[PDB]
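This document starts with two versions of one protein chain, written out as structure tokens and named structure 1 and structure 2.
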Structure 1
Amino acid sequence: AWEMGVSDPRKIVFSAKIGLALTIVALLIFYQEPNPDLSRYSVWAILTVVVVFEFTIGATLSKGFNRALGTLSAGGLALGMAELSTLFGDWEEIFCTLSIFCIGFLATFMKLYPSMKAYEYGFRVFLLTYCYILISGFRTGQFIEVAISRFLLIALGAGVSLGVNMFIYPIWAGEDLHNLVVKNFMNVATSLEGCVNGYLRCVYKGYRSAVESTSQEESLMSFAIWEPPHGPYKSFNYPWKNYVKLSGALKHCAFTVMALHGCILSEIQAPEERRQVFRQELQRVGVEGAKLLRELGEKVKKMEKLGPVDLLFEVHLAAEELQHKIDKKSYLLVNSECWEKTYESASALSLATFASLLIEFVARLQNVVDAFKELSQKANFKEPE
């Protein structure tokens, strides 16, 4: 409660924004002359205010567009069907009851398709609207009056929500994508250092946050776009896809870190006295990889290009020294007597797996540097200080 509020002041702002919107809708109704027939309609503005308020501006705009297309296609089919109904004559109710069944079936069967498993709220409004216009007395006169007053209150509530959401401390989805990329870059370096230290000591969240985030990145990329230019992002079409391309290169790099974490929780392990022969070479690769990932995170955060020197020279030298050391002392992993116990041989062969996985991790960083160059080129980053 208090802890999350002090750590996260955005949540308190969002909650006081919704409180203010509700108190404004309330004020605009408490100051009208007391009427019995006005209080009954008031519930629709409260429902609109409590349904259309989202966390981001792009989310609010996209969901409002979808809900308006739903409500209008529903009112359209309804008005394009009650006319066919009138033609039937006496057997009018049977036609309506037989059309509500088919609309319910199609609107419940088209919401269950794996490709259409996000926009359930454009289908629910369609069904609710179509059903409400055939069992409410379309042929009376009080119908149109009630419909008009309800739509008026709904439009008032949506206008209030949209103004109190767009003009007071707006939250943008592009800043959330921008910050998420930097956080993942930091976490992968922390996990790599923790893994090397744990293996050499006589991590889950780091690689897990990276591996399990593509859905969030694509959702935030789907909303950023609605939003208009603001602050550092001033072009109309901002290359938001290059951020997902760099996050994918980093996930490919983080899978080897997940396999090095898995090497520490295995049933077959190597003798401790034999792991202390390669400690220096193993620790150098970790130090250099963490330094490189942290410098790439700092360059992404500041929106700066890469300088003249090469960023992969020390890590390559470290991995070549590691390979030389392994070649010098490779008689500790195999048994030369048998050249022509199972547990002992597997425990000796277990160290080579850790070393090979570290070398594969160092070989997978060139694609991440290439994706960073592509993003720094398409987004018009500034020349380094």
Structure 2
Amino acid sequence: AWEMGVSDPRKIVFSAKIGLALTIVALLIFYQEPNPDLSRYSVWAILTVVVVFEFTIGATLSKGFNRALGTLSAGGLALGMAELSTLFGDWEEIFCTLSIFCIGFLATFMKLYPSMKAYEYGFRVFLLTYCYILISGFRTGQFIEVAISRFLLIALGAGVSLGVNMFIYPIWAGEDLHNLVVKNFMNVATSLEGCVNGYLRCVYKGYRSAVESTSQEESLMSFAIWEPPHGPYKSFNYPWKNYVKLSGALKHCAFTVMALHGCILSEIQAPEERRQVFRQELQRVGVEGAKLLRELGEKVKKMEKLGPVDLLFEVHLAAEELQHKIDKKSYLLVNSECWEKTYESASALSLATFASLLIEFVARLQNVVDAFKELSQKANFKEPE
């Protein structure tokens, strides 16, 4: 309660905005209209204000658009069917009751496909409006008054939500994508040092969050293409996809840290005395990789270009010293006695596995650097100077 409120004040502003929007969609009902029935059709505005008010502006825009489309398509369909029913007499309330089964079946079948998982609420509003329009106006024949009334109540319930969301302390999805891209670099940098220290002593979230967030970055990128230009992002087509490309480049490197963490938790291990012969080189490689990842995160946070100097020189030299040391003491990994216990040999080879994995991690960084250069060039970052 109070702890979460103090930690993040964005959710108290969100809750107060929802309260304000409801209090307005209620004062308008009380005073702006004295009609008796006006107060029974209040559910078509409250459902709208409870289904379209979202955390970000782009999600609210998308949901509003979808709801409008659904309602209009099903009001047109309902009107057309109600007209066409009269053609054959005596078949009334039977040819209207045989179309609800076919519309509900087509709607559900179309709603269960995997591609259409971002329109789940416009199919429900389509079915609800079709059935309501057909059933309500059957006895009296008045279908257009019901259609128009309900549509106006939905635009009256969606425009106050959009105004309140956009004008009182807006939250943007593009800035959330920018901050998640910044955060992943630090999580991976912490994970690598955690793994190396854990293996050399006498993590999970760091690589999991980067390896388990592609969907979040694709939804945040689907909401960011709806928002108008604002703040630091002034072009009319911001390259929001190069952020996803850089995030994927970083996930490809985080899979090796996941494999090193799995190397720490194995059934077959090596004697500590043997591992303490390579401590210096491994600690150097870990320090250099953490420095590089933190420098790339800092340069992405400030929207700056890369300098003239090469950033991978020191990590490359550290990995070359590691290779030289491994070449100088290779007699502690293989059994030289036999040359033409299984546990002892597996314990010996688990150290060569750990070293090979660290070298592969150091070899996968150039792709991340290239993706960063491409993003810094398409997004017009400023000169480091």
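For the two forms, the rigid core is made up of the largest set of C-alpha atoms that agree within 1.5 Å on superposition. Counting starts at 1 and follows the sequence of structure 1.
- For the rigid-body turn between the two structures, the listed residue at the hinge is 140, chosen from 321, 304, 80, 140.
- Of the two rigid parts, the smaller turns 8 degrees against the larger between the two structures, judged by C-alpha superposition.
- In the core-superposed comparison between the two structures, the CA atom of residue 150 travels 4.0 Å.
- A C-alpha shift of 0.5 Å is found for residue 107 between the two structures, based on superposition of the rigid core.
- In the rigid-core superposition between the two structures, residue position residue 9 carries a C-alpha shift of 1.0 Å.
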